[PDB]
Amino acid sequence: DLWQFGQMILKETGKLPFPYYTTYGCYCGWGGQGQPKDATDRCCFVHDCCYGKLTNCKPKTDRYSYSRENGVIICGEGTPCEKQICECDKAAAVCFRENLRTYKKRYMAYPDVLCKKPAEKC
């Protein structure tokens, strides 16, 4: 579920989702309505894509099993939906971490007015 996604983001990035991810840029922080401005910003678009492929799942509310004991997110047992949701969430939290180097504090609470309409597709 979203609370597990939150915890993954924290564990991978050492940052809490709010305000660092939830308000970032034109896609994370504008609810999906603008073209991703940078890589961090696209991570959310990819995550939205990975959720869209799960037509038979409830990725926001289904609770999966994962372990992070040894520094690595390990997706555990559960239903096929739960596993697939977990993998969407892991992959996004990893993407945020891999892209800390280009993370810009300026894109936080970025004014929506400057956001362009969506262009990439899943």
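Sequential numbering from 1, following the sequence displayed.
Relative to its counterpart among 27-35 and 89-97, 27-35 has the higher mean temperature factor, C-alpha atoms as listed in the PDB entry. Stretch comparison (104-112 versus 7-15) by mean CA B-factor in the PDB entry places 104-112 on top. Annotation for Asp41: C-alpha temperature factor in the lowest third relative to the rest of the modelled chain, per the entry.
In this PDB entry, the Cα temperature factor of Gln84 sits in the bottom third of its chain's modelled residues, the lowest group. Per-chain ranking of the deposited C-alpha B factor places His47 in the lowest third.
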